[PDB]
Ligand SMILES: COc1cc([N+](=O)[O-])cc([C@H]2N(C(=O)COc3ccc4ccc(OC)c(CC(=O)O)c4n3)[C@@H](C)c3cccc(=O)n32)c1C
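Taking the form solved without the ligand, here's one chain by itself in structure tokens.
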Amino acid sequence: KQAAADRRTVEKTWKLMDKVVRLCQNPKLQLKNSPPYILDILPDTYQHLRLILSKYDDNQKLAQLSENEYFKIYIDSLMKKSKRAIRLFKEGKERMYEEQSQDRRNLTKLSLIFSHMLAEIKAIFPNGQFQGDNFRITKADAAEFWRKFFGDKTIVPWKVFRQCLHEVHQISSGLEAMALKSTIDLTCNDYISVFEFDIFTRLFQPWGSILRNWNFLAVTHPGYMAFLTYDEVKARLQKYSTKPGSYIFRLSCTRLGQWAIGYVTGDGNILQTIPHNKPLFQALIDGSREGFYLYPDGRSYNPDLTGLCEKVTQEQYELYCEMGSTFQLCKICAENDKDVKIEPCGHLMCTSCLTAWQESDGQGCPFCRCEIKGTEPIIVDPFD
């Protein structure tokens, strides 16, 4: 339950973003001017919020804006993420100045979130005006699914989204659902907006086999680099410059919904291409046949992707989840947050799953089977 996004609440988020910008302006951070660049994103987020307030220019327009379901979630999420970034610097202390620390890794996770939030608000409020009900999902087959299960909703909880997705494309496990949440819930707010749904379905189209496409292109493909920057992708392929056909593919934080495929040419150069509005596996199979994409990340083995034209381990889902912000979510159900701690082992889950386990005569802890000596209610943050 979020509070009304009135002017006072929007202004609180500006002040919090201003503290995050100042913390990030510290030269001891040695912060790269490379995407997602939080020092450009936060001022741009403030300017978009100003543009929205300029369109809802009277008390009755402001009232309509304050109770808009998506806007309430957006303002509440912006506030929480800004507060989280402030907390990260506070606890991180000197670890924020070490480029390889978990604290700095968490700042990168927040910078990605702020970038995705900015792209989302610009798509949902283009030119400051709410167009969530008139938002056009790019792929028609994906759009039909959204309309079937969610009607004209601009945003739905992850819990509801995942249950409805499972009706069409089966999710085989709790770790698979956790990996999928970190892929679709780009804003890390436990909701799926029509914009996040559009991004996911563009990236892993065609809809008819979307989870198979995602599992094989992102979860287990050696060429997949997530939002790794262009400079890092070029530097990574530089070690394979004498092996033409070595290639990697990445998601672009400035061009959400598009892939960029970097590759080594016959003359040792590293070039890139942005495939059109088509399946990434199609561009990869075509490129394999024409001799352009042969060695994913320089590896001799290029996975056969032709199966997608007409098996993932729990360990593979676990490693994929590291980059996400899902540590606070119960691993058994992947739909409720962890709210109970088992003693003495210390494992965490939601009470609903612990109750189901206890009522099944499950021996000890569901994870380690150690005797449950007691429990304690707890609240978990993704960075614990």
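Note that the rigid core is defined as the largest set of C-alphas that superpose within 1.5 Å between two forms. Note that residue numbering follows the sequence shown and begins at 1.
Note that the form deposited with the ligand bound isn't included here; everything after this is about it.
Checking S209, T154, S77, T273 against the ligand in the entry with it bound, a heavy atom within 4.5 Å turns up for just one residue: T273.
Shown without its partner, this chain lists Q258, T220, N213, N302 as candidates; in the entry with it bound, only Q258 has a non-hydrogen atom within 4.5 angstroms of the ligand. Shown alone here, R250 lies within 4.5 Å of the ligand in the entry with it bound, counting heavy atoms only. Put simply, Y230 is close to the ligand in the entry with it bound: some heavy atom of it is within 4.5 Å. Only one listed stretch (287 to 295, 163 to 171, 258 to 266, 237 to 245) carries heavy atoms within 4.5 Å of the ligand in the entry with it bound, and that stretch is 258 to 266. Looking at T154, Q272, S209, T229 after a core superposition between this form and the one not shown, you find that only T229 has a C-alpha shift of 2 Å or more. Taking 2 Å as the criterion, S101 counts as shifted between this form and the one not shown: its C-alpha moves by at least this amount when the rigid core is aligned.
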